[PDB]
Each structure stands twice: as C-alpha cells, then as structure tokens.
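S.K.: For reference, the file model_28.cif (mmCIF, C-alpha atoms and all ligand atoms) is included below:
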data_work
loop_
_atom_site.group_PDB
_atom_site.id
_atom_site.type_symbol
_atom_site.label_atom_id
_atom_site.label_comp_id
_atom_site.auth_asym_id
_atom_site.auth_seq_id
_atom_site.Cartn_x
_atom_site.Cartn_y
_atom_site.Cartn_z
ATOM 1 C CA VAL A 3 7.898 -7.196 -7.097
ATOM 2 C CA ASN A 4 9.367 -3.793 -6.195
ATOM 3 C CA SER A 5 11.863 -2.433 -3.648
ATOM 4 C CA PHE A 6 9.540 -0.632 -1.110
ATOM 5 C CA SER A 7 9.909 -2.097 2.418
ATOM 6 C CA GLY A 8 7.996 -1.896 5.717
ATOM 7 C CA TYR A 9 4.673 -0.621 4.322
ATOM 8 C CA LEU A 10 1.255 -1.530 5.692
ATOM 9 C CA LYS A 11 -1.144 -2.568 2.906
ATOM 10 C CA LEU A 12 -4.411 -0.582 3.067
ATOM 11 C CA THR A 13 -6.032 -1.751 -0.190
ATOM 12 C CA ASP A 14 -5.233 -3.616 -3.389
ATOM 13 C CA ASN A 15 -3.106 -0.666 -4.548
ATOM 14 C CA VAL A 16 -2.454 1.700 -1.592
ATOM 15 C CA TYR A 17 0.348 1.199 0.957
ATOM 16 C CA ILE A 18 1.387 3.418 3.896
ATOM 17 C CA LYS A 19 4.451 3.863 6.116
ATOM 18 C CA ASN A 20 5.858 6.140 8.748
ATOM 19 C CA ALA A 21 8.841 7.525 6.854
ATOM 20 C CA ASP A 22 10.630 10.669 5.762
ATOM 21 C CA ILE A 23 9.885 10.860 2.027
ATOM 22 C CA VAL A 24 13.340 12.365 1.406
ATOM 23 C CA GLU A 25 15.075 9.445 3.089
ATOM 24 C CA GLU A 26 12.580 7.060 1.610
ATOM 25 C CA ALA A 27 13.338 8.502 -1.845
ATOM 26 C CA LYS A 28 17.145 8.430 -1.490
ATOM 27 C CA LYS A 29 17.039 4.695 -0.600
ATOM 28 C CA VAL A 30 14.510 3.395 -3.143
ATOM 29 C CA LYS A 31 15.339 5.731 -6.052
ATOM 30 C CA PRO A 32 11.738 5.229 -7.116
ATOM 31 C CA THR A 33 10.707 5.888 -10.698
ATOM 32 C CA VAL A 34 8.369 8.655 -9.444
ATOM 33 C CA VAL A 35 8.378 10.714 -6.258
ATOM 34 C CA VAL A 36 5.422 13.078 -5.797
ATOM 35 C CA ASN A 37 6.019 16.612 -4.577
ATOM 36 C CA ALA A 38 3.368 18.576 -2.681
ATOM 37 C CA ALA A 39 3.772 21.551 -4.993
ATOM 38 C CA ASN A 40 2.115 24.937 -5.303
ATOM 39 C CA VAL A 41 1.163 26.499 -8.631
ATOM 40 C CA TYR A 42 4.362 28.584 -8.734
ATOM 41 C CA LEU A 43 6.628 25.600 -7.944
ATOM 42 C CA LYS A 44 8.069 27.675 -5.090
ATOM 43 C CA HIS A 45 9.457 24.911 -2.880
ATOM 44 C CA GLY A 46 9.766 26.808 0.393
ATOM 45 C CA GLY A 47 8.483 24.514 3.111
ATOM 46 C CA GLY A 48 6.688 21.324 3.956
ATOM 47 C CA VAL A 49 7.389 18.344 1.722
ATOM 48 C CA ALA A 50 8.435 20.613 -1.155
ATOM 49 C CA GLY A 51 10.984 22.547 0.879
ATOM 50 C CA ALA A 52 12.427 19.294 2.209
ATOM 51 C CA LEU A 53 12.651 17.595 -1.208
ATOM 52 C CA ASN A 54 14.187 20.695 -2.748
ATOM 53 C CA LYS A 55 16.761 21.015 0.054
ATOM 54 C CA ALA A 56 17.765 17.380 -0.525
ATOM 55 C CA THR A 57 18.494 18.271 -4.198
ATOM 56 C CA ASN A 58 20.776 21.154 -3.129
ATOM 57 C CA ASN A 59 18.234 23.566 -4.733
ATOM 58 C CA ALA A 60 18.493 21.929 -8.185
ATOM 59 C CA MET A 61 14.754 21.197 -8.046
ATOM 60 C CA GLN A 62 14.055 24.928 -7.567
ATOM 61 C CA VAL A 63 16.382 25.939 -10.420
ATOM 62 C CA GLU A 64 14.674 23.501 -12.792
ATOM 63 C CA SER A 65 11.252 24.608 -11.548
ATOM 64 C CA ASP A 66 11.961 28.297 -12.115
ATOM 65 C CA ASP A 67 12.884 27.567 -15.737
ATOM 66 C CA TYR A 68 9.666 25.518 -16.121
ATOM 67 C CA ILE A 69 7.508 28.390 -14.826
ATOM 68 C CA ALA A 70 9.326 30.988 -16.923
ATOM 69 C CA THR A 71 8.469 28.921 -20.020
ATOM 70 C CA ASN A 72 4.994 27.592 -19.158
ATOM 71 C CA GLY A 73 3.459 29.799 -16.462
ATOM 72 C CA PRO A 74 1.875 28.490 -13.279
ATOM 73 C CA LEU A 75 0.190 25.159 -12.835
ATOM 74 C CA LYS A 76 -3.524 24.821 -12.067
ATOM 75 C CA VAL A 77 -4.704 23.854 -8.603
ATOM 76 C CA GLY A 78 -5.433 20.159 -9.103
ATOM 77 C CA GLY A 79 -2.803 19.943 -11.843
ATOM 78 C CA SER A 80 0.703 18.579 -12.182
ATOM 79 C CA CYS A 81 3.872 18.469 -14.207
ATOM 80 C CA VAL A 82 6.661 15.906 -14.563
ATOM 81 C CA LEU A 83 10.191 17.167 -13.982
ATOM 82 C CA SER A 84 13.481 15.556 -13.017
ATOM 83 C CA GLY A 85 13.776 13.547 -9.812
ATOM 84 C CA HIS A 86 17.394 14.727 -9.419
ATOM 85 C CA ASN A 87 19.192 12.576 -6.797
ATOM 86 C CA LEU A 88 15.905 11.343 -5.292
ATOM 87 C CA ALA A 89 14.046 9.529 -8.110
ATOM 88 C CA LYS A 90 13.983 9.204 -11.880
ATOM 89 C CA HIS A 91 11.109 11.709 -12.075
ATOM 90 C CA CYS A 92 9.327 14.110 -9.758
ATOM 91 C CA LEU A 93 5.591 14.502 -10.279
ATOM 92 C CA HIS A 94 4.803 17.969 -8.907
ATOM 93 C CA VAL A 95 1.121 17.844 -7.904
ATOM 94 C CA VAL A 96 -0.859 20.857 -6.643
ATOM 95 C CA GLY A 97 -3.456 19.953 -4.065
ATOM 96 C CA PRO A 98 -5.768 22.710 -2.822
ATOM 97 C CA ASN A 99 -4.341 24.800 0.012
ATOM 98 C CA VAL A 100 -7.105 25.288 2.595
ATOM 99 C CA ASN A 101 -4.933 28.067 4.158
ATOM 100 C CA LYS A 102 -5.480 29.904 0.826
ATOM 101 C CA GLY A 103 -9.265 29.250 0.470
ATOM 102 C CA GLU A 104 -9.010 26.691 -2.381
ATOM 103 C CA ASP A 105 -11.831 24.274 -2.987
ATOM 104 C CA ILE A 106 -11.256 20.924 -1.326
ATOM 105 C CA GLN A 107 -13.100 19.133 -4.074
ATOM 106 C CA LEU A 108 -10.007 19.825 -6.207
ATOM 107 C CA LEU A 109 -8.229 17.222 -4.068
ATOM 108 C CA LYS A 110 -9.754 14.417 -6.165
ATOM 109 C CA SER A 111 -8.517 16.077 -9.372
ATOM 110 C CA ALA A 112 -5.056 16.354 -7.810
ATOM 111 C CA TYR A 113 -4.947 12.634 -6.987
ATOM 112 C CA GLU A 114 -6.110 11.749 -10.523
ATOM 113 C CA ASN A 115 -2.651 12.799 -11.750
ATOM 114 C CA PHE A 116 -1.229 9.752 -9.951
ATOM 115 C CA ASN A 117 -3.105 7.442 -12.344
ATOM 116 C CA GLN A 118 -0.730 8.399 -15.159
ATOM 117 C CA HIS A 119 2.085 6.517 -13.333
ATOM 118 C CA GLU A 120 2.189 2.798 -12.563
ATOM 119 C CA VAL A 121 4.029 3.171 -9.226
ATOM 120 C CA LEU A 122 4.640 6.254 -7.056
ATOM 121 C CA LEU A 123 6.130 7.283 -3.729
ATOM 122 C CA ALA A 124 3.943 10.111 -2.422
ATOM 123 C CA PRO A 125 2.843 12.236 0.532
ATOM 124 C CA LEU A 126 -0.789 12.801 1.442
ATOM 125 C CA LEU A 127 -1.903 15.660 -0.786
ATOM 126 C CA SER A 128 -3.156 18.849 0.871
ATOM 127 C CA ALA A 129 -2.005 17.590 4.303
ATOM 128 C CA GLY A 130 0.545 19.302 6.533
ATOM 129 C CA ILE A 131 0.892 23.019 5.817
ATOM 130 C CA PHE A 132 -1.747 22.831 3.057
ATOM 131 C CA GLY A 133 -4.321 22.654 5.844
ATOM 132 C CA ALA A 134 -6.630 19.773 4.848
ATOM 133 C CA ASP A 135 -7.676 16.915 7.130
ATOM 134 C CA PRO A 136 -5.195 14.073 6.433
ATOM 135 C CA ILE A 137 -7.863 11.429 7.167
ATOM 136 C CA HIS A 138 -9.933 12.921 4.346
ATOM 137 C CA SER A 139 -6.895 13.060 2.069
ATOM 138 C CA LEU A 140 -6.235 9.354 2.621
ATOM 139 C CA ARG A 141 -9.877 8.526 1.837
ATOM 140 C CA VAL A 142 -9.765 10.508 -1.418
ATOM 141 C CA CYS A 143 -6.461 8.831 -2.301
ATOM 142 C CA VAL A 144 -7.904 5.345 -1.803
ATOM 143 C CA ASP A 145 -11.086 6.210 -3.726
ATOM 144 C CA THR A 146 -9.266 7.917 -6.646
ATOM 145 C CA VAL A 147 -5.843 6.377 -7.281
ATOM 146 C CA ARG A 148 -5.870 3.047 -9.117
ATOM 147 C CA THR A 149 -2.111 2.729 -9.673
ATOM 148 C CA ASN A 150 0.274 1.527 -6.959
ATOM 149 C CA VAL A 151 0.938 4.272 -4.420
ATOM 150 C CA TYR A 152 3.350 4.104 -1.474
ATOM 151 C CA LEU A 153 2.403 6.840 1.004
ATOM 152 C CA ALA A 154 5.034 8.249 3.366
ATOM 153 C CA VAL A 155 3.635 9.936 6.485
ATOM 154 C CA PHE A 156 6.308 11.902 8.366
ATOM 155 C CA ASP A 157 4.641 12.186 11.698
ATOM 156 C CA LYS A 158 4.306 9.031 13.727
ATOM 157 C CA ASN A 159 1.336 10.235 15.730
ATOM 158 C CA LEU A 160 -0.608 11.007 12.547
ATOM 159 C CA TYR A 161 0.430 7.721 10.918
ATOM 160 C CA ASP A 162 -0.959 5.725 13.847
ATOM 161 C CA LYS A 163 -4.061 7.734 13.654
ATOM 162 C CA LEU A 164 -4.543 7.242 9.932
ATOM 163 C CA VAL A 165 -4.136 3.465 10.294
ATOM 164 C CA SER A 166 -6.386 3.106 13.344
ATOM 165 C CA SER A 167 -9.212 5.131 11.758
ATOM 166 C CA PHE A 168 -8.966 3.611 8.260
ATOM 167 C CA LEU A 169 -12.173 2.065 6.947
HETATM 168 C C1 LIG B 1 19.300 17.213 5.573
HETATM 169 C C2 LIG B 1 17.904 17.427 4.991
HETATM 170 N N1 LIG B 1 17.082 18.218 5.890
HETATM 171 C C3 LIG B 1 15.701 17.826 6.105
HETATM 172 N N2 LIG B 1 15.263 16.567 6.157
HETATM 173 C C4 LIG B 1 13.928 16.415 6.366
HETATM 174 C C5 LIG B 1 13.204 17.608 6.493
HETATM 175 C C6 LIG B 1 11.703 17.728 6.737
HETATM 176 O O1 LIG B 1 11.238 18.759 7.091
HETATM 177 N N3 LIG B 1 10.842 16.577 6.515
HETATM 178 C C7 LIG B 1 9.419 16.693 6.775
HETATM 179 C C8 LIG B 1 8.617 17.337 5.649
HETATM 180 N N4 LIG B 1 7.549 16.403 5.390
HETATM 181 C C9 LIG B 1 7.759 15.222 4.857
HETATM 182 N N5 LIG B 1 6.613 14.585 4.749
HETATM 183 C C10 LIG B 1 5.653 15.360 5.221
HETATM 184 C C11 LIG B 1 4.170 15.003 5.275
HETATM 185 O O2 LIG B 1 3.292 15.881 5.063
HETATM 186 O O3 LIG B 1 3.825 13.820 5.526
HETATM 187 C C12 LIG B 1 6.258 16.534 5.642
HETATM 188 S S1 LIG B 1 14.361 18.838 6.330
#
Step by step, read the file and then write its structure as structure tokens.

M.R.:
Amino acid sequence: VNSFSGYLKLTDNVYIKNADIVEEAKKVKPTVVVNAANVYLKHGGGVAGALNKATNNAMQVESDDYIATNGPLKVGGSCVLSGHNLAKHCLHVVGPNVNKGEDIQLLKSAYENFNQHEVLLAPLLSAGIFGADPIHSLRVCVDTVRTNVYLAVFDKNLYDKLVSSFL
C-alpha cells in the first residue's frame, strides 16, 4: 500500500491521473519524482521548468554542479539527484526531443531507467514540448516499465484521450 490517490489503473504496474506533477509531488513526497530533463539539465520550461520553479531554483543549482563535474547526460540516459522539497530523489531522464531531430527509438531506453526504482511519480517522456506523440509514449511506457509508475498528465483533454484510446 502506498499514498497515491485518484489514479486509474491501466495495467498491473502502470497508473494514470490528471494532475499537476508539482502539486502531486508536494502532497505525496514520493521517493522518486521523474523530471523530463535535457542532456544539459537546463530546466527552462515544460515539466522541468515547473519542477525547478517549485524548488526555488535549487534543482538548477544542484544540476549545474552535476554537469560541471560529469558533463552532459546521454539522450536516453538519466541521473539521480535530490528531490528537494518535492520528493526524496529526482530521477532526471532524457527522452528524445523530436523538435531537435532525436531518434524516437531512444524513448524505450529512456523508460528503462524507471526500472531501477520500485515506485515512481512521472510524466510521459518526450511528450509536451519534447514533441513526441503522447499516445506512443504511453504505449512505450506500458511495454517497457516493470516497476510501479504513477503517471501525471497535466492536460485534461489529453488525459481523457490517453484513457479512451488505451489498448
Ligand atoms: C507556483 C508554481 N508555478 C507553476 N505551477 C505549475 C506550472 C506548470 O507549467 N505545470 C505544467 C508543466 N507540465 C506538467 N506536466 C506536464 C506534462 O507534460 O504532462 C507539463 S508553473
């Protein structure tokens, strides 16, 4: 038993809700919140900009130190950093950005990072400003992640659409 509330169960291990991940995170304090990161951990917009703003820019400060030490992530890769006031940990995961020409097949590799964590609160990778089809992202999520994932979908219209079209 865990503290997530109001989710629709899609499969044995995947759950979905219409929620703001920032507000969802501040209420659950999950062990892991996933950020829709880029390779530079520059949290300007989308999910990343919103999560970072909720940390009063502490996420960005920590991220800049990480990059200065380690260099950029790989597309499809991840790193674990602090969750600040939102979660114990933040798993920064880089899905391919279609608006940058990155190969969509890397979306499966991106979701594989979730399997290193028993339970996660997460957005749909490569959705929103990353330019991929969210219906495809949900399919890859379901077919790749084996751990327990609670997906927060900000937009209500898209949420209804994802549910109604789910196979
Ligand atoms: C006082 C704090 N100010 C703010 N609160 C919320 C903000 C926001 O932009 N949220 C939406 C960003 N987002 C979340 N999920 C997705 C998705 O791709 O599903 C996209 S900004």

S.K.: Can you translate the PyMOL selection byres (((chain A and resi 50) around 10) and not hetatm) into the concrete residues it hits in this file, as a count of residues only?

M.R.: 22

S.K.: My list of candidates is A:144, A:155, A:63, A:160. Which is closest to residue A:125 when distances are computed with all atoms listed in the file?

M.R.: A:155

S.K.: Near stretch 18-21 of chain A, within 9 Å and counting only C-alpha atoms, which residues show up once chain neighbours fewer than 3 positions away are dropped, as JSON, numbers by chain?

M.R.: {"A": [7, 8, 9, 10, 11, 12, 24, 25, 26, 151, 152, 153, 154, 155, 156, 157, 158, 160, 161, 162, 165]}

S.K.: Apply the PyMOL selection byres (((chain A and resi 87) around 8) and not hetatm) to the displayed file and report the matching residues as a ChimeraX atom specification.

M.R.: /A:28,31,57,85-86,88-89

S.K.: Just checking: using all atoms listed in the file, which residue out of A:118, A:101, A:167, A:59 ends up closest to ligand LIG 1 (chain B)?

M.R.: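 Using all atoms listed in the file, ligand LIG 1 (chain B) sits closest to A:59.
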
S.K.: Do you know which residues the PyMOL selection byres (((chain A and resi 117) around 12) and not hetatm) returns on this file, as a list in words?

M.R.: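 This file gives the following for the PyMOL selection byres (((chain A and resi 117) around 12) and not hetatm): residues 15, 34, 80, 93, 110, 111, 112, 113, 114, 115, 116, 118, 119, 120, 121, 122, 143, 144, 145, 146, 147, 148, 149, 150 and 151 of chain A.
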
S.K.: With 5 Å added on each side, what axis-aligned box encloses every listed atom of stretch 58-63 of chain A? Give the centre and edge lengths in Å to one decimal, as lines of an AutoDock Vina configuration file.

M.R.:
center_x = 17.4
center_y = 23.5
center_z = -6.8
size_x = 16.7
size_y = 14.8
size_z = 17.3

S.K.: Which residue, A:75, A:100, A:27, A:142, has the smallest gap to ligand LIG 1 (chain B) when you use all atoms listed in the file?

M.R.: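 Smallest separation from ligand LIG 1 (chain B) among the options: A:27.
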
S.K.: How far is it from atom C11 of ligand LIG 1 (chain B) to atom CA of residue A:3, in Å with one decimal?

M.R.: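 So the answer is 25.7 Å.
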
S.K.: When you count all atoms listed in the file, which of these residues is closest to ligand LIG 1 (chain B): A:78, A:58, A:92, A:73?

M.R.: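 Comparing A:78, A:58, A:92, A:73 against ligand LIG 1 (chain B), the winner is A:58.
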
S.K.: Please compute the atom CA of residue A:32-atom CA of residue A:71 distance, one decimal, in Å.

M.R.: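 According to the coordinates, atom CA of residue A:32 and atom CA of residue A:71 are separated by 27.2 Å.
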
S.K.: Of the candidates A:66, A:137, A:168, A:132, which one gets nearest to ligand LIG 1 (chain B) if we count only C-alpha atoms and all ligand atoms?

M.R.: A:132

S.K.: Between atom CA of residue A:4 and atom CA of residue A:65, what distance in Å does the model show, to one decimal?

M.R.: 29.0 Å

S.K.: Please, could N, CA and C atoms be added to stretch 59-71 of chain A and the result written as a PDB file, in the coordinates of the input?

M.R.:
ATOM      1  N   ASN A  59      18.934  22.494  -4.016  1.00  0.00           N
ATOM      2  CA  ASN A  59      18.234  23.566  -4.733  1.00  0.00           C
ATOM      3  C   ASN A  59      18.155  23.322  -6.242  1.00  0.00           C
ATOM      4  N   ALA A  60      18.622  22.181  -6.753  1.00  0.00           N
ATOM      5  CA  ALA A  60      18.493  21.929  -8.185  1.00  0.00           C
ATOM      6  C   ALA A  60      17.032  21.805  -8.610  1.00  0.00           C
ATOM      7  N   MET A  61      16.183  21.247  -7.746  1.00  0.00           N
ATOM      8  CA  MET A  61      14.754  21.197  -8.046  1.00  0.00           C
ATOM      9  C   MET A  61      14.186  22.599  -8.269  1.00  0.00           C
ATOM     10  N   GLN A  62      14.556  23.560  -7.416  1.00  0.00           N
ATOM     11  CA  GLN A  62      14.055  24.928  -7.567  1.00  0.00           C
ATOM     12  C   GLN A  62      14.552  25.569  -8.857  1.00  0.00           C
ATOM     13  N   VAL A  63      15.825  25.356  -9.200  1.00  0.00           N
ATOM     14  CA  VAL A  63      16.382  25.939 -10.420  1.00  0.00           C
ATOM     15  C   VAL A  63      15.632  25.410 -11.639  1.00  0.00           C
ATOM     16  N   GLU A  64      15.417  24.092 -11.686  1.00  0.00           N
ATOM     17  CA  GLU A  64      14.674  23.501 -12.792  1.00  0.00           C
ATOM     18  C   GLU A  64      13.246  24.023 -12.828  1.00  0.00           C
ATOM     19  N   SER A  65      12.631  24.149 -11.650  1.00  0.00           N
ATOM     20  CA  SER A  65      11.252  24.608 -11.548  1.00  0.00           C
ATOM     21  C   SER A  65      11.100  26.045 -12.033  1.00  0.00           C
ATOM     22  N   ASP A  66      12.046  26.909 -11.681  1.00  0.00           N
ATOM     23  CA  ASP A  66      11.961  28.297 -12.115  1.00  0.00           C
ATOM     24  C   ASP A  66      12.018  28.400 -13.635  1.00  0.00           C
ATOM     25  N   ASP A  67      12.864  27.594 -14.278  1.00  0.00           N
ATOM     26  CA  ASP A  67      12.884  27.567 -15.737  1.00  0.00           C
ATOM     27  C   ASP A  67      11.553  27.061 -16.292  1.00  0.00           C
ATOM     28  N   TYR A  68      10.964  26.027 -15.671  1.00  0.00           N
ATOM     29  CA  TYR A  68       9.666  25.518 -16.121  1.00  0.00           C
ATOM     30  C   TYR A  68       8.604  26.614 -16.081  1.00  0.00           C
ATOM     31  N   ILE A  69       8.527  27.352 -14.970  1.00  0.00           N
ATOM     32  CA  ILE A  69       7.508  28.390 -14.826  1.00  0.00           C
ATOM     33  C   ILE A  69       7.761  29.535 -15.798  1.00  0.00           C
ATOM     34  N   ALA A  70       9.023  29.918 -15.975  1.00  0.00           N
ATOM     35  CA  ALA A  70       9.326  30.988 -16.923  1.00  0.00           C
ATOM     36  C   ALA A  70       8.865  30.637 -18.332  1.00  0.00           C
ATOM     37  N   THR A  71       8.903  29.356 -18.694  1.00  0.00           N
ATOM     38  CA  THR A  71       8.469  28.921 -20.020  1.00  0.00           C
ATOM     39  C   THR A  71       6.960  28.699 -20.103  1.00  0.00           C
TER      40      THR A  71
END
